[PDB]
Amino acid sequence: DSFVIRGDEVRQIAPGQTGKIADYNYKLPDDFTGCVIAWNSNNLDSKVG
Amino acid sequence: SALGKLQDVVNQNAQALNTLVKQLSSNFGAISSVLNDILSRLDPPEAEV
C-alpha cells in the first residue's frame, strides 16, 4: 500500500494508533505483521506555490 | 464448646471464601484494582498491558 502523508503522521501508521488520518483515512489491524517503509519527498512532492 | 469439630469446618469454609472475595481488591502491579477504570483511562495497547 502506497500513499503520501504529512511528516508528523509517520508515527500514526502502527497497530492500535489513534489520529485523524489513523481513524478516518487509513487503519491498521491490531495483529498487523510486516514492515513499514517511509522516506521524505521534498525533491518530488514539494512546490514553492 | 462440645461442638468445636463442626464449627471448625464452617469457619474454614467461610474464611476461605472471604479471602477469595477480598483478593479482588489488589493491584498486582497494575495502576488500579478495578479494570473498568483502566479501560476508561488508557488506550488499548497499554490497557491490555
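These protein sequence lines map, in sequence, to chains A and B.
Remember, full-length UniProt numbering sits 397 above the position in the first sequence when you count from 1.
Remember, full-length UniProt numbering sits 942 above the position in the second sequence when you count from 1.
C-beta: ideal position from N, C-alpha, C; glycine also.
Using a Cβ cut-off of 8 Å, pull out every chain B residue sitting near residue 415 of chain A, in sequence order please. 985
What would DSSP say about residue 421 of chain A, mapped onto helix, strand or coil? helix
By DSSP, does residue 947 of chain B sit in helix, in strand, or in coil? helix
Report yes or no: do three or more beta-carbon pairs, one from the stretch 950 to 957 of chain B and one from the stretch 428 to 436 of chain A, lie closer than 8 Å? no
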